[PDB]
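Okay, query-v7.txt now, which holds compact mmCIF, N, CA and C atoms:
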# COMPACT_ATOMS: atom_id res chain seq x y z
N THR S 3 3.50 12.26 7.09
CA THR S 3 2.39 11.47 6.46
C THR S 3 2.84 10.04 6.23
N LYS S 4 2.06 9.08 6.72
CA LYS S 4 2.41 7.67 6.54
C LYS S 4 1.40 6.98 5.63
N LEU S 5 1.83 5.92 4.96
CA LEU S 5 0.93 5.24 4.04
C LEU S 5 -0.42 4.89 4.65
N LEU S 6 -0.41 4.23 5.81
CA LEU S 6 -1.65 3.83 6.47
C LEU S 6 -2.69 4.95 6.62
N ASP S 7 -2.25 6.21 6.58
CA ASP S 7 -3.15 7.36 6.72
C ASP S 7 -3.90 7.76 5.45
N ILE S 8 -3.42 7.34 4.29
CA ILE S 8 -4.11 7.73 3.07
C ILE S 8 -4.84 6.59 2.40
N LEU S 9 -4.51 5.36 2.77
CA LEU S 9 -5.22 4.23 2.20
C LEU S 9 -6.58 4.25 2.91
N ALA S 10 -7.59 3.66 2.29
CA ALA S 10 -8.91 3.63 2.88
C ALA S 10 -9.58 2.35 2.43
N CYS S 11 -10.63 1.95 3.14
CA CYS S 11 -11.34 0.73 2.80
C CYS S 11 -12.02 0.85 1.45
N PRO S 12 -11.85 -0.16 0.58
CA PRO S 12 -12.46 -0.19 -0.75
C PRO S 12 -13.98 -0.23 -0.68
N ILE S 13 -14.50 -0.89 0.35
CA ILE S 13 -15.93 -1.02 0.56
C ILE S 13 -16.60 0.17 1.26
N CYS S 14 -16.07 0.56 2.42
CA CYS S 14 -16.66 1.66 3.18
C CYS S 14 -15.88 2.97 3.22
N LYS S 15 -14.69 2.99 2.62
CA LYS S 15 -13.87 4.20 2.60
C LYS S 15 -13.39 4.54 4.01
N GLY S 16 -13.50 3.59 4.94
CA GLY S 16 -13.06 3.83 6.30
C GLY S 16 -11.58 3.57 6.51
N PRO S 17 -11.02 4.02 7.65
CA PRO S 17 -9.60 3.84 7.99
C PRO S 17 -9.22 2.36 8.09
N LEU S 18 -7.94 2.06 7.88
CA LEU S 18 -7.44 0.69 7.95
C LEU S 18 -6.36 0.63 9.00
N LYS S 19 -6.22 -0.51 9.66
CA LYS S 19 -5.20 -0.68 10.67
C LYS S 19 -4.39 -1.90 10.30
N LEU S 20 -3.11 -1.91 10.64
CA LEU S 20 -2.28 -3.06 10.34
C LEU S 20 -2.58 -4.10 11.42
N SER S 21 -3.05 -5.28 11.02
CA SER S 21 -3.37 -6.34 11.98
C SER S 21 -2.18 -6.62 12.88
N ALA S 22 -2.45 -7.19 14.05
CA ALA S 22 -1.40 -7.50 15.01
C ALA S 22 -0.37 -8.49 14.48
N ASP S 23 -0.78 -9.43 13.63
CA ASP S 23 0.21 -10.37 13.09
C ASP S 23 0.82 -9.76 11.83
N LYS S 24 0.36 -8.55 11.52
CA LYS S 24 0.80 -7.76 10.36
C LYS S 24 0.70 -8.43 8.99
N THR S 25 -0.32 -9.27 8.80
CA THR S 25 -0.53 -9.93 7.51
C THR S 25 -1.76 -9.33 6.83
N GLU S 26 -2.54 -8.54 7.55
CA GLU S 26 -3.74 -7.95 6.96
C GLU S 26 -3.92 -6.49 7.29
N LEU S 27 -4.82 -5.84 6.55
CA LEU S 27 -5.18 -4.45 6.79
C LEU S 27 -6.61 -4.58 7.26
N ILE S 28 -6.86 -4.22 8.52
CA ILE S 28 -8.18 -4.34 9.10
C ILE S 28 -9.11 -3.16 8.85
N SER S 29 -10.32 -3.46 8.39
CA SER S 29 -11.33 -2.42 8.17
C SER S 29 -12.48 -2.75 9.11
N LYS S 30 -12.52 -2.10 10.27
CA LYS S 30 -13.60 -2.36 11.20
C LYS S 30 -14.84 -1.79 10.55
N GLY S 31 -14.67 -0.64 9.92
CA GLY S 31 -15.76 0.02 9.23
C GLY S 31 -16.57 -0.92 8.36
N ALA S 32 -15.93 -1.99 7.88
CA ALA S 32 -16.61 -2.97 7.04
C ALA S 32 -16.62 -4.39 7.59
N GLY S 33 -16.01 -4.62 8.74
CA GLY S 33 -15.99 -5.97 9.29
C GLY S 33 -15.15 -6.85 8.39
N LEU S 34 -14.14 -6.24 7.77
CA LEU S 34 -13.26 -6.98 6.86
C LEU S 34 -11.75 -6.82 7.08
N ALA S 35 -10.98 -7.81 6.62
CA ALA S 35 -9.52 -7.80 6.73
C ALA S 35 -8.92 -8.13 5.37
N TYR S 36 -8.30 -7.14 4.74
CA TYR S 36 -7.68 -7.38 3.45
C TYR S 36 -6.31 -8.01 3.66
N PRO S 37 -6.04 -9.10 2.93
CA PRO S 37 -4.78 -9.82 3.03
C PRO S 37 -3.60 -9.11 2.35
N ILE S 38 -2.41 -9.26 2.93
CA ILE S 38 -1.22 -8.68 2.33
C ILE S 38 -0.50 -9.91 1.80
N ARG S 39 -0.40 -9.99 0.48
CA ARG S 39 0.25 -11.14 -0.16
C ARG S 39 1.24 -10.69 -1.21
N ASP S 40 2.36 -11.39 -1.28
CA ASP S 40 3.40 -11.07 -2.23
C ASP S 40 3.75 -9.59 -2.15
N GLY S 41 3.66 -9.05 -0.93
CA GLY S 41 3.98 -7.66 -0.67
C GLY S 41 3.02 -6.60 -1.18
N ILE S 42 1.77 -6.99 -1.44
CA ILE S 42 0.76 -6.08 -1.95
C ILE S 42 -0.48 -6.15 -1.10
N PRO S 43 -1.07 -5.00 -0.73
CA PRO S 43 -2.27 -5.16 0.08
C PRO S 43 -3.39 -5.51 -0.90
N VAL S 44 -3.97 -6.70 -0.73
CA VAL S 44 -5.00 -7.18 -1.65
C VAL S 44 -6.36 -6.60 -1.30
N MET S 45 -6.68 -5.45 -1.88
CA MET S 45 -7.91 -4.74 -1.55
C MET S 45 -9.07 -5.21 -2.42
N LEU S 46 -9.60 -6.39 -2.10
CA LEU S 46 -10.79 -6.91 -2.76
C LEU S 46 -11.71 -7.61 -1.77
N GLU S 47 -12.99 -7.25 -1.81
CA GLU S 47 -13.98 -7.86 -0.93
C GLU S 47 -13.89 -9.36 -1.19
N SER S 48 -13.66 -9.73 -2.44
CA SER S 48 -13.55 -11.13 -2.83
C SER S 48 -12.42 -11.89 -2.14
N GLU S 49 -11.39 -11.17 -1.73
CA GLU S 49 -10.25 -11.81 -1.07
C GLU S 49 -10.22 -11.57 0.44
N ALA S 50 -10.98 -10.58 0.90
CA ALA S 50 -11.01 -10.23 2.32
C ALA S 50 -11.55 -11.33 3.24
N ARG S 51 -11.11 -11.28 4.49
CA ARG S 51 -11.54 -12.24 5.51
C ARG S 51 -12.57 -11.53 6.38
N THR S 52 -13.66 -12.21 6.70
CA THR S 52 -14.69 -11.61 7.54
C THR S 52 -14.15 -11.60 8.97
N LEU S 53 -14.14 -10.43 9.61
CA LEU S 53 -13.64 -10.35 10.98
C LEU S 53 -14.51 -11.19 11.89
N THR S 54 -13.87 -11.88 12.83
CA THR S 54 -14.59 -12.71 13.78
C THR S 54 -15.35 -11.81 14.74
N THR S 55 -16.22 -12.42 15.53
CA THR S 55 -17.00 -11.66 16.48
C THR S 55 -16.12 -10.85 17.43
N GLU S 56 -15.11 -11.51 17.99
CA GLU S 56 -14.19 -10.90 18.93
C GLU S 56 -13.44 -9.72 18.33
N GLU S 57 -13.16 -9.79 17.03
CA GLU S 57 -12.45 -8.74 16.32
C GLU S 57 -13.32 -7.50 16.11
N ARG S 58 -14.62 -7.71 15.96
CA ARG S 58 -15.55 -6.61 15.74
C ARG S 58 -15.90 -5.88 17.03
N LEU S 59 -15.87 -6.60 18.15
CA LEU S 59 -16.18 -5.98 19.43
C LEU S 59 -15.10 -4.96 19.72
N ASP S 60 -15.36 -4.08 20.67
CA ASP S 60 -14.37 -3.08 21.05
C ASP S 60 -13.72 -3.60 22.33
N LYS S 61 -12.39 -3.66 22.33
CA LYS S 61 -11.65 -4.14 23.50
C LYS S 61 -11.99 -3.27 24.70
N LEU S 62 -12.41 -2.04 24.41
CA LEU S 62 -12.77 -1.05 25.42
C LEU S 62 -14.14 -1.21 26.07
N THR C 3 5.77 -2.71 13.09
CA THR C 3 6.55 -1.69 12.33
C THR C 3 5.73 -1.17 11.15
N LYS C 4 6.07 0.02 10.66
CA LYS C 4 5.37 0.67 9.55
C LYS C 4 5.02 -0.25 8.38
N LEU C 5 4.02 0.17 7.61
CA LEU C 5 3.53 -0.57 6.44
C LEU C 5 4.56 -0.68 5.31
N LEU C 6 5.25 0.42 5.03
CA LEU C 6 6.26 0.47 3.98
C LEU C 6 7.39 -0.53 4.17
N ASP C 7 7.53 -1.08 5.38
CA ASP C 7 8.58 -2.05 5.64
C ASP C 7 8.14 -3.43 5.18
N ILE C 8 6.82 -3.60 5.08
CA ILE C 8 6.24 -4.87 4.70
C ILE C 8 5.87 -4.99 3.23
N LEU C 9 5.59 -3.85 2.60
CA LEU C 9 5.20 -3.86 1.21
C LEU C 9 6.41 -3.91 0.28
N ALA C 10 6.28 -4.62 -0.84
CA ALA C 10 7.36 -4.73 -1.80
C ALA C 10 6.84 -4.51 -3.21
N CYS C 11 7.72 -4.04 -4.10
CA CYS C 11 7.32 -3.81 -5.48
C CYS C 11 6.94 -5.17 -6.06
N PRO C 12 5.77 -5.25 -6.72
CA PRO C 12 5.37 -6.54 -7.29
C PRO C 12 6.23 -7.01 -8.45
N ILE C 13 6.98 -6.10 -9.04
CA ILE C 13 7.82 -6.47 -10.17
C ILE C 13 9.21 -6.96 -9.75
N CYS C 14 9.97 -6.08 -9.11
CA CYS C 14 11.35 -6.37 -8.69
C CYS C 14 11.52 -6.79 -7.22
N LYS C 15 10.46 -6.62 -6.44
CA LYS C 15 10.45 -6.97 -5.02
C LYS C 15 11.32 -6.07 -4.16
N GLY C 16 11.68 -4.91 -4.70
CA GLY C 16 12.50 -3.97 -3.96
C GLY C 16 11.65 -3.05 -3.10
N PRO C 17 12.28 -2.15 -2.34
CA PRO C 17 11.55 -1.22 -1.47
C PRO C 17 10.64 -0.26 -2.25
N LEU C 18 9.69 0.34 -1.55
CA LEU C 18 8.78 1.31 -2.16
C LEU C 18 8.83 2.56 -1.29
N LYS C 19 8.74 3.73 -1.91
CA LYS C 19 8.77 4.97 -1.16
C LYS C 19 7.54 5.79 -1.50
N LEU C 20 6.95 6.42 -0.50
CA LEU C 20 5.79 7.25 -0.75
C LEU C 20 6.34 8.47 -1.50
N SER C 21 5.71 8.84 -2.61
CA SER C 21 6.17 9.98 -3.40
C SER C 21 6.01 11.28 -2.61
N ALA C 22 6.64 12.34 -3.10
CA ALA C 22 6.58 13.65 -2.47
C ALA C 22 5.15 14.15 -2.27
N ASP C 23 4.34 14.13 -3.32
CA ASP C 23 2.95 14.58 -3.21
C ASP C 23 2.03 13.51 -2.60
N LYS C 24 2.65 12.41 -2.15
CA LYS C 24 1.95 11.29 -1.51
C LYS C 24 0.90 10.56 -2.35
N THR C 25 0.95 10.70 -3.66
CA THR C 25 -0.04 10.05 -4.50
C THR C 25 0.47 8.80 -5.21
N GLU C 26 1.71 8.42 -4.92
CA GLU C 26 2.26 7.25 -5.59
C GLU C 26 3.23 6.50 -4.71
N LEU C 27 3.42 5.23 -5.03
CA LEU C 27 4.39 4.40 -4.34
C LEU C 27 5.41 4.18 -5.43
N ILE C 28 6.57 4.81 -5.28
CA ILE C 28 7.60 4.66 -6.28
C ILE C 28 8.51 3.47 -6.03
N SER C 29 8.81 2.77 -7.12
CA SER C 29 9.67 1.60 -7.08
C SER C 29 10.88 1.88 -7.95
N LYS C 30 11.92 2.43 -7.33
CA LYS C 30 13.15 2.75 -8.05
C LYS C 30 13.77 1.48 -8.62
N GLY C 31 13.59 0.37 -7.91
CA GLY C 31 14.15 -0.88 -8.38
C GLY C 31 13.52 -1.32 -9.69
N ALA C 32 12.32 -0.83 -9.97
CA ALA C 32 11.62 -1.18 -11.20
C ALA C 32 11.45 0.00 -12.14
N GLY C 33 11.77 1.19 -11.64
CA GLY C 33 11.64 2.38 -12.46
C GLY C 33 10.19 2.73 -12.72
N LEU C 34 9.33 2.40 -11.77
CA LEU C 34 7.90 2.67 -11.90
C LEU C 34 7.31 3.34 -10.65
N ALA C 35 6.18 4.03 -10.82
CA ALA C 35 5.49 4.66 -9.69
C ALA C 35 4.07 4.12 -9.75
N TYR C 36 3.63 3.47 -8.68
CA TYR C 36 2.28 2.94 -8.65
C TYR C 36 1.36 4.00 -8.05
N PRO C 37 0.25 4.33 -8.75
CA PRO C 37 -0.69 5.34 -8.27
C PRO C 37 -1.54 4.87 -7.11
N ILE C 38 -1.90 5.82 -6.26
CA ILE C 38 -2.77 5.53 -5.13
C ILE C 38 -4.04 6.22 -5.56
N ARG C 39 -5.07 5.42 -5.79
CA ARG C 39 -6.34 5.95 -6.25
C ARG C 39 -7.48 5.76 -5.26
N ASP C 40 -7.99 6.87 -4.74
CA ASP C 40 -9.08 6.83 -3.78
C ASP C 40 -8.76 5.84 -2.66
N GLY C 41 -7.58 6.02 -2.07
CA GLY C 41 -7.13 5.18 -0.98
C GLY C 41 -6.66 3.78 -1.33
N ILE C 42 -6.52 3.46 -2.61
CA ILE C 42 -6.06 2.13 -3.01
C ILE C 42 -4.78 2.21 -3.82
N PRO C 43 -3.71 1.52 -3.39
CA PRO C 43 -2.46 1.56 -4.16
C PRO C 43 -2.58 0.57 -5.31
N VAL C 44 -2.80 1.06 -6.53
CA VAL C 44 -2.94 0.17 -7.68
C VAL C 44 -1.55 -0.19 -8.18
N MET C 45 -1.08 -1.34 -7.72
CA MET C 45 0.24 -1.79 -8.08
C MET C 45 0.39 -2.82 -9.19
N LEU C 46 0.09 -2.36 -10.39
CA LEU C 46 0.19 -3.16 -11.59
C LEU C 46 1.04 -2.32 -12.54
N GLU C 47 1.93 -2.96 -13.27
CA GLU C 47 2.79 -2.24 -14.20
C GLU C 47 1.94 -1.52 -15.24
N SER C 48 0.88 -2.18 -15.67
CA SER C 48 -0.02 -1.62 -16.66
C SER C 48 -0.67 -0.31 -16.20
N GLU C 49 -0.68 -0.06 -14.89
CA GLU C 49 -1.30 1.16 -14.36
C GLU C 49 -0.32 2.19 -13.83
N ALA C 50 0.95 1.81 -13.81
CA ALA C 50 2.02 2.66 -13.29
C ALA C 50 2.60 3.70 -14.25
N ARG C 51 3.29 4.67 -13.66
CA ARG C 51 3.94 5.72 -14.40
C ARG C 51 5.42 5.35 -14.38
N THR C 52 6.08 5.41 -15.52
CA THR C 52 7.50 5.08 -15.54
C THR C 52 8.24 6.32 -15.05
N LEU C 53 9.21 6.11 -14.17
CA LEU C 53 9.99 7.19 -13.57
C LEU C 53 10.77 7.96 -14.62
N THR C 54 10.89 9.27 -14.42
CA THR C 54 11.63 10.09 -15.37
C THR C 54 13.11 9.86 -15.22
N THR C 55 13.87 10.48 -16.12
CA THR C 55 15.31 10.35 -16.09
C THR C 55 15.83 10.89 -14.77
N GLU C 56 15.32 12.05 -14.38
CA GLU C 56 15.75 12.69 -13.14
C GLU C 56 15.41 11.87 -11.90
N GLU C 57 14.24 11.23 -11.90
CA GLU C 57 13.86 10.42 -10.74
C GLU C 57 14.75 9.18 -10.59
N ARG C 58 15.17 8.62 -11.72
CA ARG C 58 15.99 7.40 -11.74
C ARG C 58 17.46 7.60 -11.38
N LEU C 59 17.92 8.84 -11.48
CA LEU C 59 19.29 9.18 -11.13
C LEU C 59 19.40 9.12 -9.62
N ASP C 60 20.62 9.03 -9.12
CA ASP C 60 20.87 8.98 -7.69
C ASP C 60 20.73 10.38 -7.11
N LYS C 61 20.06 10.48 -5.97
CA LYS C 61 19.87 11.76 -5.30
C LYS C 61 21.22 12.36 -4.88
N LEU C 62 21.57 13.51 -5.46
CA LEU C 62 22.82 14.19 -5.15
C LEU C 62 22.66 15.18 -3.99
N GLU C 63 23.20 14.83 -2.83
CA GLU C 63 23.14 15.71 -1.66
C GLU C 63 24.05 16.92 -1.84
N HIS C 64 25.36 16.68 -1.80
CA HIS C 64 26.34 17.75 -1.87
C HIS C 64 26.69 18.08 -3.32
N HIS C 65 27.57 19.06 -3.50
CA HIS C 65 27.48 19.98 -4.63
C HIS C 65 27.71 19.25 -5.95
N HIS C 66 28.70 18.36 -5.97
CA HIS C 66 29.13 17.71 -7.20
C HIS C 66 28.95 16.20 -7.12

Now that the file is in, can you turn its structure into structure tokens?
Amino acid sequence: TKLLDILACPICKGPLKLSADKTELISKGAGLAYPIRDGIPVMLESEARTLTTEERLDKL
Amino acid sequence: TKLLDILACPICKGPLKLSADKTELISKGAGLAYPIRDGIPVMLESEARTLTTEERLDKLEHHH
């Protein structure tokens, strides 16, 4: 069991992925990216970054 | 690399370990366990459980 498997999106309760630059926790389920600051995942809609269009699309 | 490699205790900045029952992020460096509530790791001292005497001791592998 790994941490990323039990954390969930504060807004949609959906799965989170570690961003490629590893500074955020991505919630596609909500079109949001929670920032990781001072070593804490900042789970607040107020602090989250809105995913860009390209980020919301499916690479597939 | 894994998430636990990037996260640090907000108090002492030391490593964090997922607890046995997976409901807490323990910070031995701070003697606290941060609860994970409904998928959110609430990492504030005011919300943490202070580690017991047994948890704070060094893990003894072999007999003595």

Problem - Counting only N, CA and C atoms, the residue of C:52, C:42, C:36, C:19 that sits nearest chain S - result: C:42

Within 12 Å of chain S, which residues of chain C show up? Give each one with its shortest atom-to-atom distance in Å (one decimal) and the two atoms involved, counting only C-alpha atoms, rows by chain then rising residue number, as a tab-separated table.
residue	atom	partner	partner_atom	distance
C:3	CA	S:24	CA	8.6
C:4	CA	S:4	CA	8.2
C:5	CA	S:6	CA	6.8
C:6	CA	S:5	CA	7.2
C:7	CA	S:41	CA	9.6
C:8	CA	S:41	CA	6.5
C:9	CA	S:41	CA	4.4
C:10	CA	S:41	CA	4.6
C:11	CA	S:41	CA	7.0
C:12	CA	S:41	CA	6.9
C:13	CA	S:40	CA	10.2
C:14	CA	S:41	CA	11.0
C:15	CA	S:41	CA	7.8
C:16	CA	S:41	CA	9.9
C:17	CA	S:41	CA	10.0
C:18	CA	S:41	CA	10.3
C:19	CA	S:5	CA	9.4
C:20	CA	S:5	CA	7.1
C:21	CA	S:5	CA	10.3
C:22	CA	S:3	CA	10.1
C:23	CA	S:3	CA	10.2
C:24	CA	S:3	CA	8.0
C:25	CA	S:8	CA	8.9
C:26	CA	S:5	CA	9.9
C:27	CA	S:5	CA	9.1
C:36	CA	S:42	CA	11.3
C:37	CA	S:9	CA	11.5
C:38	CA	S:9	CA	7.8
C:39	CA	S:9	CA	8.7
C:40	CA	S:10	CA	7.4
C:41	CA	S:9	CA	3.8
C:42	CA	S:9	CA	5.7
C:43	CA	S:9	CA	7.4
C:44	CA	S:42	CA	9.3
C:45	CA	S:42	CA	7.5
C:46	CA	S:42	CA	10.1

Handout entry: DSSP strand (DSSP E or B) residues within range 8-61 of chain C, as a list in words
Key =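 Matching residues, listed in order: residues 19, 20, 26, 27, 28, 29, 34, 35, 36, 37, 38, 39, 42, 43, 51 and 52 of chain C.
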
Exercise for the section: Tell me which protein, DNA and RNA residues are within 7 Å of range 53-59 of chain S, counting only N, CA and C atoms, leaving out same-chain ones fewer than 5 positions away, and put them as a ChimeraX atom specification. Expected result: /S:30,32-35

Problem - Residues near residue 35 in chain C, cut-off 5 Å, all atoms listed in the file, skip fewer than 6 positions along chain, as a list in words - result: residues 27, 28, 29, 50, 51, 52 and 53 of chain C

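Take CA of residue 51 in chain S and atom C of residue 14 in chain S: the distance between them is 16.0 Å.
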
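The interatomic distance for the pair CA of residue 23 in chain S and CA of residue 61 in chain S works out to 17.0 Å.
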
Please define a box with edges along x, y and z of the file around all atoms of range 18-29 of chain S given in the file, extend it by 5 Å on each side, and return its centre and edge lengths in Å to one decimal, as AutoDock Vina command-line options.
--center_x -5.8 --center_y -4.2 --center_z 10.8 --size_x 23.3 --size_y 22.4 --size_z 18.5

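Note that the spacing between atom C of residue 33 in chain C and atom C of residue 37 in chain S amounts to 23.6 Å.
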
Problem - Expected answer as a list in words: helix (DSSP H, G or I) residues in chain C - result: residues 5, 6, 7, 47, 48, 49, 55, 56, 57 and 58 of chain C
